[PDB]
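Novice: Below are the C-alpha cells for one structure; questions will follow.
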Amino acid sequence: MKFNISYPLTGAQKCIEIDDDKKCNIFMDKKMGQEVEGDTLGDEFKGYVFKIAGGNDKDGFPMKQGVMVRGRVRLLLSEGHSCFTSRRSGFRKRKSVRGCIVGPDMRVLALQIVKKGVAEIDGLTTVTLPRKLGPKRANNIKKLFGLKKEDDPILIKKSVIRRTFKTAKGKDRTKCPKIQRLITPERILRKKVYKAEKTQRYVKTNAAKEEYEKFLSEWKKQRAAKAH
Amino acid sequence: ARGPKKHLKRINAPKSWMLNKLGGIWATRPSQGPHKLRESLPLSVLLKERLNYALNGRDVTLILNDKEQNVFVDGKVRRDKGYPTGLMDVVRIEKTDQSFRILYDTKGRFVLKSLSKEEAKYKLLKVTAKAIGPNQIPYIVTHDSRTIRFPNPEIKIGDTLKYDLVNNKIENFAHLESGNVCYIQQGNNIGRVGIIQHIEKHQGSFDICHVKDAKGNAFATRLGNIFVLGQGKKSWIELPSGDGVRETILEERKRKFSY
Amino acid sequence: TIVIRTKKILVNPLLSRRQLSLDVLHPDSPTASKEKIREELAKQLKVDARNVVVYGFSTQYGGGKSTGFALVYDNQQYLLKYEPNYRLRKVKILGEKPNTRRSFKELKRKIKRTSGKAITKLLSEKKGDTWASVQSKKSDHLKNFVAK
RNA sequence: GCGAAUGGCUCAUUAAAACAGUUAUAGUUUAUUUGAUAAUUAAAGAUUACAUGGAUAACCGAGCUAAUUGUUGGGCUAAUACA
RNA sequence: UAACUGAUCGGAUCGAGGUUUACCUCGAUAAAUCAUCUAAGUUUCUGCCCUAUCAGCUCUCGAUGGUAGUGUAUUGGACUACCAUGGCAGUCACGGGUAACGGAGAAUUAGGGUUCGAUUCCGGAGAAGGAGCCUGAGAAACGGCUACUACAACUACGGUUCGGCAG
Ligand SMILES: [Mg+2]
Ligand SMILES: [Mg+2]
Ligand SMILES: [Mg+2]
Ligand SMILES: [Mg+2]
Ligand SMILES: [Mg+2]
Ligand SMILES: [Mg+2]
Ligand SMILES: [Mg+2]
Ligand SMILES: [Mg+2]
Ligand SMILES: [Mg+2]
Ligand SMILES: [Mg+2]
Ligand SMILES: [Mg+2]
C-alpha cells in the first residue's frame with residue numbers, strides 16, 4: 001500500500017510504500033477523516049498521529065466523504081461536489097466514486113500529520129516552504145502586519161511586501177501587488193458624489209412639485225375668471 | 001420556439017429601408033429601444049444606405065466606436081449600430097453639424113429631413129398614456145417612450161407636445177380634434193398629411209378618423225396612426241417635400257415628364 | 001493619354017476623407033493600372049499619392065472606359081487608421097496574412113483538452129499575426145513617412 | 001460576467017390538429033434596450049463608514065488509474081465572487 | 001386604516017481628463033419598481049384532401065356544465081372533492097386513409113378549371129425511439145444531463161466516452 005503524507009505547517013509532502021499486510025491491517029475498516037496511531041505502522045512512525053484525508057482506488061477512483069460503503073458506488077454528481085467539475089451551469093454526471101471505508105482495494109491513502117512523535121522523518125522537519133503571495137486586502141495587511149485600525153493608509157502602502165526575482169533570461173526584476181479595499185481619495189470622492197445624487201433627487205422633485213403647485217393656482221384663477 | 005430571435009433576413013427587413021434584394025442574406029436587426037422594430041430605422045442603415053458616410057459594415061463600426069462621439073439622437077449620444085431611430089427623432093452628426101428629422105414620405109420609405117438649427121432644438125411628441133404616478137404625481141407617456149412628469153393638466157391623451165430638447169421642457173401642445181394638422185405614421189395612407197374632418201368612435205375596438213389635404217382628397221385611418229402636427233392648418237414641422245400631399249401616378253408623370 | 005472624369009464626390013468628415021466615383025477614358029489603350037490612375041487623380045486634386053486609395057475598377061465591353069472608385073484621406077494618419085489590412089498590403093505597407101485557420105483550430109483542439117499552465121505554453125506558440133504587431137508596423141510606417 | 005434557447009438541418013408526426021387572415025390578454029411571462037422614479041436602510045441583535053468578514057482558482061508542492069476536457073489530498077493570495 | 005413577512009429594493013464597486021492635488025468635469029457598471037421596446041404562452045371568428053366495405057360518438061374516473069379548492073407566469077376539467085346529465089352528430093359527428101407538415105407560392109391556363117407546393121420567406125414540429133430533468137430571462141434544449149429500448153468508440157475486463165451527420 002502507498003501513503004501520500006502531507007503535513008500542514010512546513011507544507012511537507014512525501015509518499016511511502018508498505019508491502020506488509022500486517023502493517024496495513026490498521027487502516028482497514030476505518031472511515032475517512034479518522035485519527036490513526038502511527039506506532040502500529042512502523043518504527044520511524046513511533047508516536048505519530050495521522051488523519052485519513054482521502055485516497056485512491058487501484059483504478060484511480062478517489063474517495064468521496066460521507067459515502068459510507070467500502071468499494072465503488074455510482075452517483076449523480078451535481079455542482080458543488082467533490083470528484084466533480086461543472087462543464088455547464090446545471091450539470092450533473094453519473095460518476096464512479098470510492099467509498100469512505102478503507103479496503104485492500106485501495107492503492108493510495110492520503111494522510112494528515114496531526115501529532116508528530118519523537119521519530120523523525122526527513123521531509124517533515126528538514127523543509128521550510130517559503131512565503132509567496134503575502135496579504136493583498138488592506139485590512140489583511142494591517143492585521144498580518146500588526147497595524148492599528150486608526151492608522152494612515154500610507155502605512156499600509158509602505159508595509160506591502162515586495163517580490164524580488166531573477167528572470168530566466170538572467171535579468172533582475174521586482175514585482176508588487178496592488179491593494180484592494182484601500183481607502184484612497186477616489187473612493188471618498190465617488191461616495192460624496194453619490195450622496196449628492198440622492199440629495200439632488202429629492203431637491204429637484206420638491207422644486208418641481210412647488211412650481212407645478214403655484215402654476216396650478218394661477219391657472220385655476222384664470223380658468224375660473226374665464227367662467228363669469 | 002425556445003425564446004428570443006436575434007437575427008433578421010434581408011428579404012424580411014422592412015420595405016421602408018429600401019435595401020437591395022441581392023445585397024446579402026441578413027440585414028441588421030433593430031435593437032430594443034424607443035421605437036418598434038418595424039418603425040425603426042437603425043443607425044447602421046442611417047449611415048450606410050442613406051448618408052453613405054459608411055461604405056460597409058466595418059465603416060459603421062468605426063464611426064460609432066471612434067472616441068470622438070459622432071452621432072446624436074434627440075441630443076443624446078448613441079454608439080449602438082442597431083439603435084432604433086424612429087419617427088420624429090432628430091439625429092445630428094457632430095462633425096458636419098447636419099441635423100435631420102426621421103420621417104416617412106408618401107411612398108412610405110424612410111427620409112432624412114434636413115433641419116436648420118432652430119428646427120433641430122424642437123421635436124414632436126405624441127401622448128400615449130396619462131396617469132397619476134406614485135406620491136400622487138401626475139405623469140404622461142410618449143411614442144418615443146418618454147415619461148414626462150408634472151404635465152400641463154389640460155394635456156389629454158393622444159395629443160402632440162412640442163418638446164424643447166435643450167430644456168427638456170414641453171413648450172406647446174395640441175390635441176386630436178376637428179381642424180388640426182396630422183401626419184400619418186402607419187398605413188396605406190402612411191406619409192400623407194392633413195386636416196382632421198372628424199372622428200368616429202366604435203368603442204368595441206378601433207376608432208377611425210377622416211382627413212383632408214390641401215388639394216381636398218379625403219383619407220381615413222385608425223386613431224392610432226394619426227399624429228398631430230400643430231394647431232390650425234399650420235404644421236410645427238418642416239415636411240419632406242411632398243408637403244404631405246399624395247400624387248396620383250398620373251399627376252406624378254404629368255408634372256415630372258410634362259404629359 | 002489617360003483622361004479622368006471625376007464623378008460622384010461625397011465629403012466625409014466622419015472618416016475624414018473624400019469618397020469618389022471615377023471614370024477613366026483610355027480610348028486607345030488597355031485598362032489603366034491603378035498606379036497611373038492614382039497619379040493622375042492626385043495631379044487633379046493636388047493631394048499626395050499615398051493619401052489616395054483607388055479601388056474596384058470595371059472596364060466596359062469594347063474598351064474605351066473604366067469606372068472605379070477613389071478615396072482621399074485628409075492626412076495619411078487617418079488613412080493609416082481607416083483602410084483595412086488587406087489594402088495596406090496592396091499598398092505594400094503591412095505584409096502577408098499567413099495561414100490562420102488550420103493552426104487556430106488545432107490549437108483550439110489542444111487548449112480545450114488541458115488546463116492553464118499548458119494552455120499558456122500553447123498560446124506562446126500561436127501562429128497569429130498579433131493586433132499589437134499590426135499597430136506597431138502601422139505606427140512605425142507613420143514614423144517613416146515624409147510629407148509631400 | 002455574458003452567450004451557448006439565435007443560427008443551420010430535416011419534414012417523420014400532424015385533417016380544426018398545425019397553419020392563414022382576423023381578435024383577445026381587464027387571464028400572463030419577458031435577460032439585454034429606451035424613458036422615469038427613488039429623504040426613512042424593519043424589529044431583536046449587530047453597527048467601522050476615511051469602507052466590514054471569512055474562503056477559494058490560477059500558482060507551488062505531493063498523487064492515483066491501462067484508460068478520457070477524471071480528479072484526490074497539501075501550502076498560498078484577489079475580487080462587481082461568497083457573506 | 002389595521003396588522004403580517006422579512007425570502008423585495010434602499011451602491012462597502014470601477015474608468016478618464018484635469019485647472020495643481022482637495023476640489024472640479026465627463027463617463028463604466030450593479031440592481032428594484034413602472035412604463036417602453038423584444039419575443040413568447042394562451043386566445044376570438046372563419047377556412048383544409050380522399051373515405052359510409054366508418055352512423056352514431058363522448059362519460060369507471062372528465063366526457064359538457066356548476067361549486068369550493070389546487071396548481072400554474074397566468075386563464076381553464078389543467079388537476080382534486082362534491083353536484084347536475086350534459087357535449088357532438090346527414091349543415092357528416094365519431095372513425096379510417098394520405099407515396100399530407102400549413103401557408104407565401106409553382107406548372108398550365110379564352111373564360112370556369114386542373115395539378116402541384118420536401119425545398120430561399122413566415123409559422124409548426126423533431127435531433128435514433130420514448131420518458132425525465134438540471135440551469136436559466138427564455139429549454140423539455142439535444143452540437144446539455146439521467147434512465148430504459150435499439151445501437152457507436154476505447155478497455156490491461158474493472159472500467160470509460162465532449163457517443164448521437166434530419167449542421
Ligand atoms: Mg446589437
Ligand atoms: Mg382595447
Ligand atoms: Mg485581417
Ligand atoms: Mg383522421
Ligand atoms: Mg380553432
Ligand atoms: Mg487548501
Ligand atoms: Mg485622477
Ligand atoms: Mg398539399
Ligand atoms: Mg424554416
Ligand atoms: Mg403565432
Ligand atoms: Mg451531411
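Naming scheme: A, B, ... for chains in displayed order of the C-alpha cells; residues 1 onward per chain; ligands 1 onward as shown.
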Using the chain letters and numbers from this document, which residues of range 20-125 of chain C does DSSP assign to strand (DSSP E or B), as a PyMOL selection string?
Specialist: chain C and resi 20-25+52-59+65-73
Novice: Compute the set of protein, DNA and RNA residues whose minimum atom distance to ligand 4 is at most 9 Å, using only C-alpha atoms (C1' of nucleotides) and all ligand atoms, and state it as a VMD selection string.
Specialist: (chain D and resid 15) or (chain E and resid 95 to 97)
Novice: Counting only C-alpha atoms, which residues from chain B have an atom at most 10 Å from any atom of chain C, and could you show them as a tab-separated table (two decimals) with N, CA and C atoms, in the first residue's frame?
Specialist:
```tsv
chain	number	residue	atom	x	y	z
B	51	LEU	N	-26.93	58.23	-45.78
B	51	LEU	CA	-25.90	59.26	-45.85
B	51	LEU	C	-24.68	58.84	-46.67
B	52	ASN	N	-24.50	57.53	-46.84
B	52	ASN	CA	-23.33	56.96	-47.49
B	52	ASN	C	-22.04	57.36	-46.81
B	53	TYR	N	-22.13	57.74	-45.54
B	53	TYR	CA	-20.93	58.13	-44.79
B	53	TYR	C	-20.12	56.89	-44.44
B	54	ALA	N	-20.82	55.76	-44.35
B	54	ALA	CA	-20.20	54.46	-44.18
B	54	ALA	C	-20.43	53.64	-45.44
B	55	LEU	N	-19.35	53.13	-46.03
B	55	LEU	CA	-19.48	52.31	-47.23
B	55	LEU	C	-19.83	50.85	-46.93
B	58	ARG	N	-17.71	47.46	-41.46
B	58	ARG	CA	-16.55	47.91	-40.71
B	58	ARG	C	-16.65	49.41	-40.46
B	59	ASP	N	-16.89	50.14	-41.55
B	59	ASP	CA	-17.01	51.58	-41.50
B	59	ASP	C	-18.00	52.05	-40.44
B	60	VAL	N	-19.19	51.46	-40.42
B	60	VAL	CA	-20.19	51.86	-39.43
B	60	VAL	C	-19.58	51.73	-38.05
B	62	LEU	N	-16.51	51.78	-37.17
B	62	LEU	CA	-15.53	52.85	-37.00
B	62	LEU	C	-16.21	54.11	-36.49
B	63	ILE	N	-17.27	54.53	-37.17
B	63	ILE	CA	-17.93	55.76	-36.81
B	63	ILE	C	-18.46	55.70	-35.37
B	64	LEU	N	-19.04	54.56	-35.00
B	64	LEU	CA	-19.76	54.50	-33.74
B	64	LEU	C	-18.88	54.11	-32.56
B	66	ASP	N	-15.54	55.29	-32.57
B	66	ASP	CA	-14.49	56.30	-32.53
B	66	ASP	C	-14.71	57.12	-31.27
B	68	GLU	N	-14.44	59.91	-30.60
B	68	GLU	CA	-14.88	61.27	-30.91
B	68	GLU	C	-16.39	61.54	-30.85
B	69	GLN	N	-17.21	60.52	-30.63
B	69	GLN	CA	-18.65	60.71	-30.45
B	69	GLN	C	-19.35	61.38	-31.64
B	70	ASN	N	-19.53	60.65	-32.74
B	70	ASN	CA	-20.02	61.23	-34.00
B	70	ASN	C	-21.52	61.48	-34.18
B	71	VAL	N	-22.37	60.65	-33.55
B	71	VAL	CA	-23.81	60.66	-33.84
B	71	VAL	C	-24.72	60.88	-32.64
B	93	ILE	N	-25.31	64.93	-36.72
B	93	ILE	CA	-23.96	64.42	-36.88
B	93	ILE	C	-22.92	65.49	-36.54
B	94	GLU	N	-22.22	65.31	-35.42
B	94	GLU	CA	-21.43	66.41	-34.88
B	94	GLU	C	-20.38	66.99	-35.80
B	95	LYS	N	-19.75	66.15	-36.61
B	95	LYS	CA	-18.66	66.62	-37.46
B	95	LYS	C	-19.10	67.62	-38.54
B	96	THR	N	-20.23	67.37	-39.19
B	96	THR	CA	-20.76	68.29	-40.20
B	96	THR	C	-21.81	69.27	-39.67
```
Novice: Determine the nearest neighbour of chain D from the options A:225, A:183, A:49, A:138, counting only C-alpha atoms (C1' of nucleotides).
Specialist: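 Looking only at the distances to chain D, the closest residue turns out to be A:183.
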Novice: What does the list of residues within 9 Å of ligand 2 look like if you count only C-alpha atoms (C1' of nucleotides) and all ligand atoms, written as a PyMOL selection string?
Specialist: (chain B and resi 203-206) or (chain D and resi 24)
Novice: Per residue of chain D within 12 Å of chain C, which atom pair is closest and at what distance in Å (one decimal), using only C-alpha atoms (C1' of nucleotides), listed by chain and increasing number, as a tab-separated table?
Specialist:
```
residue	atom	partner	partner_atom	distance
D:57	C1'	C:116	CA	10.6
D:58	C1'	C:116	CA	7.2
D:59	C1'	C:117	CA	9.1
D:68	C1'	C:113	CA	9.8
D:69	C1'	C:113	CA	4.5
D:70	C1'	C:114	CA	11.9
```
Novice: Could you take the residues named above and write them with C-alpha atoms (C1' of nucleotides), as a PDB file, in the first residue's frame?
Specialist:
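New file selection14.pdb:
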```
ATOM      1  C1'   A D  57      -8.957  29.114  -8.531  1.00  0.00           C
ATOM      2  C1'   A D  58      -4.774  30.170 -11.335  1.00  0.00           C
ATOM      3  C1'   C D  59       0.155  29.343  -8.900  1.00  0.00           C
ATOM      4  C1'   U D  68     -10.694  10.298 -21.061  1.00  0.00           C
ATOM      5  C1'   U D  69     -11.792  18.070 -21.258  1.00  0.00           C
ATOM      6  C1'   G D  70     -11.110  12.228 -14.400  1.00  0.00           C
TER       7        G D  70
END
```
Novice: Which residues, written as a PyMOL selection string, have at least one atom at most 10 Å from residue 15 in chain B, with only C-alpha atoms (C1' of nucleotides) counted and residues fewer than 2 positions away on the same chain left out?
Specialist: chain B and resi 10-13+17-20+38+108-110
Novice: Could you please tell me, as number ranges by chain, which residues of chain B have an atom within 10 Å of chain E when using only C-alpha atoms (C1' of nucleotides)?
Specialist: B: 1-6, 9-12, 25, 30-37, 84, 129, 133-134, 140-147
Novice: Keeping N, CA, C and O atoms for every residue in the selection just given, could you write it to a file as a short mmCIF file (atom, residue, chain, number, x, y, z; two decimals), in the first residue's frame?
Specialist:
```cif
data_model
loop_
_atom_site.label_atom_id
_atom_site.label_comp_id
_atom_site.auth_asym_id
_atom_site.auth_seq_id
_atom_site.Cartn_x
_atom_site.Cartn_y
_atom_site.Cartn_z
N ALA B 1 -40.68 28.36 -29.36
CA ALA B 1 -39.57 28.49 -30.30
C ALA B 1 -38.26 28.71 -29.54
O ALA B 1 -37.30 29.26 -30.09
N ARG B 2 -38.24 28.28 -28.28
CA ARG B 2 -37.07 28.34 -27.42
C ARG B 2 -36.59 29.74 -27.05
O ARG B 2 -35.41 29.93 -26.77
N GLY B 3 -37.49 30.72 -27.00
CA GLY B 3 -37.06 32.07 -26.66
C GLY B 3 -36.86 33.01 -27.83
O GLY B 3 -37.43 32.81 -28.90
N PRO B 4 -36.05 34.06 -27.64
CA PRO B 4 -35.95 35.24 -28.49
C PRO B 4 -35.20 35.05 -29.82
O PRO B 4 -34.27 34.26 -29.90
N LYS B 5 -35.61 35.81 -30.84
CA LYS B 5 -34.96 35.78 -32.15
C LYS B 5 -33.94 36.90 -32.30
O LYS B 5 -34.28 38.08 -32.18
N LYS B 6 -32.70 36.53 -32.57
CA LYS B 6 -31.62 37.52 -32.68
C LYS B 6 -31.24 37.92 -34.09
O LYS B 6 -30.35 38.75 -34.26
N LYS B 9 -33.44 38.55 -41.74
CA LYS B 9 -33.03 38.25 -43.10
C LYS B 9 -33.44 39.38 -44.03
O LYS B 9 -34.53 39.94 -43.88
N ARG B 10 -32.58 39.69 -45.00
CA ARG B 10 -32.78 40.83 -45.89
C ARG B 10 -34.15 40.87 -46.54
O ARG B 10 -34.77 41.93 -46.65
N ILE B 11 -34.64 39.71 -46.97
CA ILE B 11 -35.96 39.64 -47.57
C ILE B 11 -37.03 40.13 -46.59
O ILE B 11 -38.03 40.71 -47.01
N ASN B 12 -36.81 39.90 -45.30
CA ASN B 12 -37.80 40.27 -44.29
C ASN B 12 -37.65 41.68 -43.72
O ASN B 12 -38.57 42.19 -43.06
N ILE B 25 -27.70 37.97 -47.26
CA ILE B 25 -28.75 37.15 -46.70
C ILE B 25 -29.41 37.96 -45.59
O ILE B 25 -30.60 38.27 -45.65
N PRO B 30 -32.89 45.56 -35.81
CA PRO B 30 -33.03 46.75 -34.96
C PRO B 30 -32.93 46.38 -33.48
O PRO B 30 -33.40 45.32 -33.09
N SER B 31 -32.31 47.24 -32.68
CA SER B 31 -32.17 46.98 -31.26
C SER B 31 -33.44 47.33 -30.50
O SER B 31 -34.24 48.16 -30.94
N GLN B 32 -33.63 46.67 -29.36
CA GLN B 32 -34.69 47.05 -28.44
C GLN B 32 -34.46 48.51 -28.07
O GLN B 32 -33.32 48.92 -27.88
N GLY B 33 -35.52 49.31 -28.00
CA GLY B 33 -35.36 50.74 -27.88
C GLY B 33 -36.65 51.54 -27.76
O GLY B 33 -37.66 51.03 -27.26
N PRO B 34 -36.61 52.82 -28.14
CA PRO B 34 -37.73 53.76 -28.11
C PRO B 34 -38.82 53.41 -29.10
O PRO B 34 -40.00 53.63 -28.83
N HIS B 35 -38.43 52.88 -30.25
CA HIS B 35 -39.36 52.60 -31.33
C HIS B 35 -39.46 51.12 -31.64
O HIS B 35 -38.54 50.35 -31.35
N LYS B 36 -40.57 50.71 -32.25
CA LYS B 36 -40.77 49.29 -32.50
C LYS B 36 -39.83 48.84 -33.61
O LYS B 36 -39.15 49.66 -34.22
N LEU B 37 -39.81 47.54 -33.90
CA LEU B 37 -38.81 47.02 -34.82
C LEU B 37 -39.12 47.43 -36.23
O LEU B 37 -38.22 47.69 -37.02
N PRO B 84 -32.64 51.96 -32.80
CA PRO B 84 -33.90 52.24 -33.48
C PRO B 84 -34.28 53.71 -33.53
O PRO B 84 -35.17 54.11 -32.77
N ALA B 129 -49.94 57.45 -22.83
CA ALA B 129 -50.74 57.30 -21.62
C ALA B 129 -50.69 58.52 -20.72
O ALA B 129 -49.77 59.34 -20.82
N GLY B 133 -49.10 59.13 -10.95
CA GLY B 133 -47.99 58.29 -10.55
C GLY B 133 -47.89 58.15 -9.05
O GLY B 133 -48.76 58.63 -8.33
N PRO B 134 -46.82 57.50 -8.56
CA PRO B 134 -46.59 57.33 -7.12
C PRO B 134 -46.37 58.69 -6.44
O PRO B 134 -45.90 59.63 -7.09
N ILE B 140 -47.22 61.43 -17.77
CA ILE B 140 -47.64 61.36 -19.15
C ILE B 140 -46.59 60.53 -19.87
O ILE B 140 -45.45 60.47 -19.43
N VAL B 141 -46.97 59.85 -20.95
CA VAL B 141 -46.03 58.98 -21.63
C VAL B 141 -46.11 59.19 -23.14
O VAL B 141 -47.15 59.60 -23.66
N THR B 142 -45.02 58.92 -23.85
CA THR B 142 -44.90 59.36 -25.24
C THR B 142 -44.52 58.24 -26.21
O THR B 142 -44.09 57.17 -25.80
N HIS B 143 -44.68 58.49 -27.51
CA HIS B 143 -44.41 57.48 -28.51
C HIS B 143 -42.95 57.03 -28.55
O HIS B 143 -42.64 55.87 -28.84
N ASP B 144 -42.05 57.95 -28.20
CA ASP B 144 -40.63 57.68 -28.22
C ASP B 144 -40.20 57.10 -26.88
O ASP B 144 -39.01 57.06 -26.55
N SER B 145 -41.20 56.72 -26.10
CA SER B 145 -41.06 56.13 -24.77
C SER B 145 -40.60 57.08 -23.69
O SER B 145 -40.04 56.65 -22.68
N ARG B 146 -40.87 58.37 -23.86
CA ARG B 146 -40.60 59.32 -22.79
C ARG B 146 -41.58 59.09 -21.66
O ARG B 146 -42.69 58.61 -21.87
N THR B 147 -41.15 59.45 -20.46
CA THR B 147 -42.08 59.65 -19.37
C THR B 147 -41.91 61.09 -18.91
O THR B 147 -40.81 61.51 -18.53
#
```
Novice: Could the residues of chain A within 12 Å of chain B, counting only C-alpha atoms, be given as a VMD selection string, please?
Specialist: chain A and resid 205 to 213 215 to 217 219 to 220 223
Novice: Take the selection from the previous step and output its residues with C-alpha atoms, as a PDB file, in the first residue's frame.
Specialist:
```
ATOM      1  CA  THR A 205     -38.537  66.839  -7.101  1.00  0.00           C
ATOM      2  CA  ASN A 206     -39.534  69.282  -4.366  1.00  0.00           C
ATOM      3  CA  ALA A 207     -38.835  72.320  -6.547  1.00  0.00           C
ATOM      4  CA  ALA A 208     -40.835  70.785  -9.371  1.00  0.00           C
ATOM      5  CA  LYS A 209     -43.739  69.973  -7.035  1.00  0.00           C
ATOM      6  CA  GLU A 210     -43.883  73.566  -5.854  1.00  0.00           C
ATOM      7  CA  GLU A 211     -43.515  75.022  -9.370  1.00  0.00           C
ATOM      8  CA  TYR A 212     -46.417  72.875 -10.562  1.00  0.00           C
ATOM      9  CA  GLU A 213     -48.459  73.866  -7.492  1.00  0.00           C
ATOM     10  CA  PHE A 215     -48.600  77.450 -11.728  1.00  0.00           C
ATOM     11  CA  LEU A 216     -51.728  75.438 -10.974  1.00  0.00           C
ATOM     12  CA  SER A 217     -53.309  78.030  -8.686  1.00  0.00           C
ATOM     13  CA  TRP A 219     -54.115  78.617 -13.993  1.00  0.00           C
ATOM     14  CA  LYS A 220     -57.275  77.954 -11.971  1.00  0.00           C
ATOM     15  CA  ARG A 223     -59.790  79.271 -15.536  1.00  0.00           C
TER      16      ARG A 223
END
```
Novice: Within 9 Å of chain D, which residues of chain A show up when using only C-alpha atoms (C1' of nucleotides), listed as number ranges by chain?
Specialist: A: 4-15, 53-63, 82-85, 87, 107-112, 129, 131-137, 149, 180-185, 187-188, 198-199, 201-202
Novice: Among chain C, which ones does DSSP assign to alpha helix (DSSP H) (computed from the backbone)? Answer as a VMD selection string.
Specialist: chain C and resid 34 to 45 76 to 82 85 to 90 101 to 112 116 to 123 131 to 143
Novice: Should the cut-off be 7 Å, what would the residue list for chain A against chain E look like, counting only C-alpha atoms (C1' of nucleotides), as a list in words?
Specialist: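 Here is what falls inside 7 Å: residues 89, 90, 91, 92 and 93 of chain A.
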Novice: Selected residues, N, CA, C and O atoms, written as an mmCIF file, in the first residue's frame, please.
Specialist:
```
data_model
loop_
_atom_site.group_PDB
_atom_site.id
_atom_site.type_symbol
_atom_site.label_atom_id
_atom_site.label_comp_id
_atom_site.auth_asym_id
_atom_site.auth_seq_id
_atom_site.Cartn_x
_atom_site.Cartn_y
_atom_site.Cartn_z
ATOM 1 N N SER A 89 -23.751 25.168 -16.574
ATOM 2 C CA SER A 89 -24.389 25.685 -15.371
ATOM 3 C C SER A 89 -25.069 24.601 -14.542
ATOM 4 O O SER A 89 -24.508 24.112 -13.555
ATOM 5 N N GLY A 90 -26.270 24.199 -14.954
ATOM 6 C CA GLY A 90 -26.836 22.976 -14.426
ATOM 7 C C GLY A 90 -26.091 21.839 -15.078
ATOM 8 O O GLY A 90 -26.231 21.600 -16.282
ATOM 9 N N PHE A 91 -25.355 21.087 -14.280
ATOM 10 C CA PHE A 91 -24.586 19.985 -14.822
ATOM 11 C C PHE A 91 -24.558 18.886 -13.808
ATOM 12 O O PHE A 91 -24.395 19.123 -12.613
ATOM 13 N N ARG A 92 -24.756 17.675 -14.299
ATOM 14 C CA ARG A 92 -24.788 16.508 -13.460
ATOM 15 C C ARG A 92 -24.141 15.415 -14.273
ATOM 16 O O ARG A 92 -24.124 15.474 -15.497
ATOM 17 N N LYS A 93 -23.584 14.426 -13.597
ATOM 18 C CA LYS A 93 -22.915 13.343 -14.287
ATOM 19 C C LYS A 93 -23.015 12.081 -13.444
ATOM 20 O O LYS A 93 -22.944 12.144 -12.215
#
```
Novice: With only C-alpha atoms (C1' of nucleotides) and all ligand atoms counted, collect every polymer residue having an atom within 10 Å of ligand 7; state the result as a PDB file with N, CA and C atoms (P, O5', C5', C4', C3', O3' and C1' of nucleotides), in the first residue's frame.
Specialist:
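Wrote out-v2.pdb, looks like this:
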```pdb
ATOM      1  N   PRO A 185      -8.383  58.735  -2.251  1.00  0.00           N
ATOM      2  CA  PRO A 185      -9.242  59.924  -2.351  1.00  0.00           C
ATOM      3  C   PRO A 185     -10.434  59.663  -3.254  1.00  0.00           C
ATOM      4  N   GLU A 186     -10.210  58.758  -4.195  1.00  0.00           N
ATOM      5  CA  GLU A 186     -11.128  58.457  -5.275  1.00  0.00           C
ATOM      6  C   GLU A 186     -12.413  57.808  -4.760  1.00  0.00           C
TER       7      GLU A 186
ATOM      8  P     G E  15     -10.167  51.688 -10.887  1.00  0.00           P
ATOM      9  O5'   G E  15      -9.909  52.338 -12.312  1.00  0.00           O
ATOM     10  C5'   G E  15     -10.802  53.326 -12.785  1.00  0.00           C
ATOM     11  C4'   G E  15     -10.916  53.334 -14.279  1.00  0.00           C
ATOM     12  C3'   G E  15     -10.237  54.532 -14.929  1.00  0.00           C
ATOM     13  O3'   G E  15      -8.923  54.210 -15.355  1.00  0.00           O
ATOM     14  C1'   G E  15     -12.525  54.473 -15.537  1.00  0.00           C
ATOM     15  P     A E  16      -7.744  55.298 -15.312  1.00  0.00           P
ATOM     16  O5'   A E  16      -8.316  56.518 -16.158  1.00  0.00           O
ATOM     17  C5'   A E  16      -8.299  56.473 -17.575  1.00  0.00           C
ATOM     18  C4'   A E  16      -9.062  57.621 -18.183  1.00  0.00           C
ATOM     19  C3'   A E  16      -8.513  59.011 -17.915  1.00  0.00           C
ATOM     20  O3'   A E  16      -7.413  59.326 -18.749  1.00  0.00           O
ATOM     21  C1'   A E  16     -10.868  59.005 -17.643  1.00  0.00           C
ATOM     22  P     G E  17      -6.157  60.134 -18.166  1.00  0.00           P
ATOM     23  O5'   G E  17      -6.538  61.653 -18.447  1.00  0.00           O
ATOM     24  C5'   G E  17      -7.044  62.044 -19.714  1.00  0.00           C
ATOM     25  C4'   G E  17      -7.813  63.338 -19.633  1.00  0.00           C
ATOM     26  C3'   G E  17      -7.181  64.446 -18.806  1.00  0.00           C
ATOM     27  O3'   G E  17      -6.134  65.124 -19.478  1.00  0.00           O
ATOM     28  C1'   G E  17      -9.465  64.270 -18.256  1.00  0.00           C
ATOM     29  P     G E  18      -4.646  65.117 -18.867  1.00  0.00           P
ATOM     30  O5'   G E  18      -4.495  66.551 -18.195  1.00  0.00           O
ATOM     31  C5'   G E  18      -4.852  66.756 -16.839  1.00  0.00           C
ATOM     32  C4'   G E  18      -6.068  67.636 -16.716  1.00  0.00           C
ATOM     33  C3'   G E  18      -5.957  68.779 -15.726  1.00  0.00           C
ATOM     34  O3'   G E  18      -5.246  69.902 -16.212  1.00  0.00           O
ATOM     35  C1'   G E  18      -7.937  67.621 -15.297  1.00  0.00           C
ATOM     36  P     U E  21      -4.206  73.310  -6.796  1.00  0.00           P
ATOM     37  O5'   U E  21      -4.000  71.933  -6.020  1.00  0.00           O
ATOM     38  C5'   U E  21      -5.139  71.247  -5.509  1.00  0.00           C
ATOM     39  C4'   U E  21      -4.837  69.899  -4.890  1.00  0.00           C
ATOM     40  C3'   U E  21      -3.500  69.728  -4.161  1.00  0.00           C
ATOM     41  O3'   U E  21      -3.748  69.218  -2.852  1.00  0.00           O
ATOM     42  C1'   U E  21      -3.879  67.917  -5.675  1.00  0.00           C
TER      43        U E  21
END
```
Novice: Could you list the protein, DNA and RNA residues that have any atom within 9 Å of ligand 11, counting only C-alpha atoms (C1' of nucleotides) and all ligand atoms, and write them as an NGL selection string?
Specialist: (:D and (9)) or (:E and (165 or 167))
Novice: Could you list the protein, DNA and RNA residues that have any atom within 12 Å of ligand 1, counting only C-alpha atoms (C1' of nucleotides) and all ligand atoms, and write them as a list in words?
Specialist: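 The residues near ligand 1 are residues 6, 7, 8, 28, 29, 30, 31, 32, 33, 42, 43, 44, 61, 79, 80, 81, 82, 83 and 84 of chain B; 32 and 33 of chain D.
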Novice: Return the neighbours of chain B among the residues of chain D, cut-off 6 Å, counting only C-alpha atoms (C1' of nucleotides), as an MDAnalysis selection string.
Specialist: chainID D and resid 5:6 33:36
Novice: For ligand 8, which residue out of E:64, E:5, E:155, E:115 is the nearest one, using only C-alpha atoms (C1' of nucleotides) and all ligand atoms?
Specialist: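 Checking each of E:64, E:5, E:155, E:115 against ligand 8, counting only C-alpha atoms (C1' of nucleotides) and all ligand atoms, the winner is E:115.
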